[PDB]
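Take a look at the structure set out below.
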């Protein structure tokens, strides 16, 4: 006649991490639509002739 | 010739086991819809991070 706190609830229970980091995020797709340009200062300026 | 119909008429037979295992049962399928998580106590508690 063990008291409920020390029962299947807590005393008899094993922790498992099968659900961890299983639901993923949508795959990255920004490369297909955008291109990467590096920078090394506060801003970047672009110019073309015509 | 003449004989009781409970000895010869009963023993003039050849038992065969063709009918055994003639049919089958539906194949296992729960693998395609479930994973197997072994347990070592009364219950298993699961926890994952957000």
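Protein chains in written order, with the working numbering: chain Y, 1312 to 1361; chain C, 1312 to 1361.
Cβ atoms here follow ideal geometry from the backbone N, Cα and C, with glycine treated the same way.
- The beta carbons of residue 1313 of chain Y and residue 1353 of chain C sit no closer together than 8 angstroms.
- Within chain C, 1352, 1353, 1354, 1355, 1356 have C-beta atoms less than 8 angstroms from the C-beta of residue 1324 of chain Y, given in sequence order.
- Residues of chain C whose Cβ lies closer than 7 angstroms to the Cβ of residue 1313 of chain Y do not exist, since the nearest Cβ in that chain is about 12 angstroms away.
- Less than 8 angstroms separates the beta-carbon of residue 1358 of chain C from that of residue 1328 of chain Y.
- Residue 1325 of chain Y has C:1355 as its beta-bridge partners, per DSSP.
- Per DSSP, reduced to three states, the secondary structure at residue 1340 of chain Y is coil, with no helix or strand assignment.
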